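In what follows, a single structure is set out as structure tokens and then discussed.
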Ligand SMILES: COc1cc(/C=C/C(=O)/C=C(O)/C=C/c2ccc(O)c(OC)c2)ccc1O
Ligand SMILES: COc1cc(/C=C\C(=O)/C=C(O)/C=C/c2ccc(O)c(OC)c2)ccc1O
Ligand code: NA
Ligand code: NA
């Protein structure tokens, strides 16, 4: 809830993207992706509570957003299988991460908002 | 053609946005918007030939893209009346400007690529 | 605070865009733009309290975001003079409007999130 | 060339993103990512010639754009390790795919333009 938040918006309907599956992975020493956390976006398009300060150590993380299932639910043919946002988490003050995604059937945009309390 | 080019893409269909009206204005000495050029995008989503090197002097220009008529023709009631850029041109000498717009019913993005001849 | 909110993000620094001037206009019967509301974004990149339910009637509105002054404050040369988000406000249930903008020096993206309480 | 093209733009400088590494993978029968093609963007920010009509069969493809090396070379420490698309190709017969990426240090967007030959 504190260190890693995801927010997803729908650019076709001008709304939060609701009930979107989100999977978070951390890169392991053997360079495979290890499941870390997951959830579904809320009615406000948000997913909180994925991890804790103590669990969210420096490392390379992947946030996969299942955009294809979302567009299929709406009856709209999409391009992407999903979105895959990959980043290194870096200590340097008590940083929080918000991964924002804006979805269209044939385009997505993702931004990171990195702040301090 | 070369000095000012517009490209418009549809993020719902993954296609050029074809036959989109584009109106260009230039700010006059009395701080009003004067008509400068207009046209429609081609089957490739592009609009060339709006102006010339001789005509495209220093100034503040506004490019208004009629996105609402575009979406309405496809059965969609969009949020915005139009997409735009407003920019100062040729401040440090002539440049070539490509204005790219990416359209969704409730979102748009406008990007400039500026090249030195 | 309720019916019209603006949120601005900085894609270069991964942060809220703070102290950005925002001006809202409503189109008048003579097709000129009449000042309606204005403010600066907060430390969270947000601007609330622009209008009230009673004041925010159907009409055509323009939200201008002074992006050029923001980039100038950061010492970064920008393309746009500002962003100009123009839309019709439409009754049909108790709708709220959030105008979100994502800023880069040579590109901006704007989305509308339109919801009900 | 014709079947799969990549274009990369820099939203900080308003320019093509030049000499950006691009790696393409194809999902194999055993659900692993197999190397398919790679290259670097030209002075126009474009990468052509990755594959052919004969080689580019139905499949799930991943295009990984090395945006982190790009930003680092310009003195910028960016948020993301790379930009990507993952997509199913040629499901309803051969198509021509242009993958466009627009880059900022803490944000990227990937758009597909899909044309029927
Ligand atoms: C104060 O800073 C923060 C802001 C936010 C954002 C909240 C929010 O409601 C977001 C928004 O309203 C929209 C964000 C946005 C805008 C344009 C885009 O292209 C996009 O996708 C890449 C997303 C989330 C967490 C924060 O810490
Ligand atoms: C001529 O029309 C076509 C264009 C293209 C592809 C690319 C092209 O010229 C695009 C461009 O020159 C600009 C593309 C663009 C615009 C906005 C963005 O946010 C973005 O990044 C996600 C990219 C592909 C097929 C076409 O038929
Ligand atoms: Na000059
Ligand atoms: Na087929």
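What you see of chain A is 29-145, where the numbers are those given in Swiss-Prot.
Backbone N, Cα and C atoms are what each Cβ position is placed from, and that goes for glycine too.
Residue A:137 (L-thyroxine binding site) falls within a strand when secondary structure is assigned with DSSP. As annotated by Swiss-Prot, L-thyroxine binding site applies to A:35, A:74, A:137, with the evidence given as experimental evidence.
What Swiss-Prot records for A:118 is N-linked glycosylation site, and it gives experimental evidence as the kind of evidence. The secondary structure of residue A:118 (N-linked glycosylation site), as reduced to three states from DSSP, is coil rather than helix or strand. A simple way to gauge crowding: the CB of residue A:118 (N-linked glycosylation site) has 12 other CB atoms within 10 angstroms, across all the protein chains here.
Annotation comment: Swiss-Prot describes A:30 as sulfocysteine, evidence class experimental evidence. Taking all protein chains in view, 15 other C-beta atoms sit within 10 angstroms of the C-beta of residue A:30 (sulfocysteine). DSSP assigns residue A:30 (sulfocysteine) to coil, not to a helix or a strand.
Around residue A:62 (4-carboxyglutamate), the same-chain residues six or more apart in sequence whose CB sits under 8 Å from its CB are A:53, A:54, A:55, A:56, listed in sequence order. Feature annotation from Swiss-Prot assigns 4-carboxyglutamate to A:62.
Summarising the environment of residue A:72 (phosphoserine), the number of other Cβ atoms within 10 Å of its Cβ, over all protein chains shown, is 14. Residues or ranges marked as phosphoserine by Swiss-Prot on the basis of similarity to another entry: A:72.
In three-state terms derived from DSSP, residue A:72 (phosphoserine) belongs to neither a helical nor a strand segment and is classed as coil. In the structure as shown, the Cβ atom of residue A:74 (L-thyroxine binding site) sits within 10 Å of 17 other Cβ atoms. In this structure the alpha carbons, written CA, of residue A:74 (L-thyroxine binding site) and residue A:30 (sulfocysteine) are 13 Å apart. For residue A:72 (phosphoserine), the spatially nearest entry among the recorded positions A:30, A:35, A:118, A:137 is A:35, judged by CA separation. Chain D comes close to A:137, taken from the recorded positions A:30, A:35, A:72, A:74, A:118, A:137 by a C-beta to C-beta distance under 8 angstroms. Around residue A:35 (L-thyroxine binding site), a 10 Å sphere centred on its CB holds 20 further CB atoms from the protein chains shown.
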